[PDB]
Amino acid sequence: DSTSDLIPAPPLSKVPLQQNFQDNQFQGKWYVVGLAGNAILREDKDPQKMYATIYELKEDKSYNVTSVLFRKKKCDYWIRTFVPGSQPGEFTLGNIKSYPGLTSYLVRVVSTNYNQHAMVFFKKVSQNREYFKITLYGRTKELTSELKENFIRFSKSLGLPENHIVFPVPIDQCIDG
């Protein structure tokens, strides 16, 4: 029981796919250095904290994906499964039925060099509402102004204005494990 208004998801034709995606090289820990999306809102009062997301390639070529967040003074863990989709670097969420309200969930790796940075596009439909976000990943907690400007540029090309783009503040708790 609500109302809400969302910037429309871009057509998928506007979201590049990393050429020749290498699933093994993409494994390991990534820090979320940038976040943009139609439900992302810059909040001056209570700024969003950096978290990390860990990709583990399984025998069957799906990823176990684990995100580690610092919240309420504890380390919080969200584990889920990315199942290979229609082309290399594209995934759907495994076990979608087990998430109530969730009808679709798409992941597309837009670009990466595997050992420093990545951008990843996510689109999900939940309670019939269409959310999308772009994540900027670093292998470390810092990235250059140049890379962050590129991420802002790309986010805008998908219809997002600046106040729907945030750069989570680096922290030491939980995510350096």
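In this text, residue numbers run from 1 along the sequence as written.
**Report entry** Higher-scoring stretch by recorded Cα B factor average, 43-51 or 27-35
**Finding:** Per the deposited B-factors, the answer is 43-51.
Query - Segment of higher mean CA temperature factor, 106-114 or 64-72 - result: Looking at the recorded C-alpha B-factors, 64-72 comes out higher on average.
Query raised in the report: Going by the deposited entry, which of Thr144, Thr140, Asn150, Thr135 has the highest CA temperature factor?
Result: Checking the PDB record, the top C-alpha B-factor among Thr144, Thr140, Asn150, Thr135 is at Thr144.
Query - Top residue by Cα temperature factor, when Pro168, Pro161, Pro11, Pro16 are compared in the entry - result: Within the set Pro168, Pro161, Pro11, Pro16, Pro161 shows the top C-alpha B-factor.
Query raised in the report: How does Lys124 rank on Cα B-factor within its chain, lowest, middle or highest third?
Result: For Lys124, the deposited C-alpha B-factor lands in the middle third.
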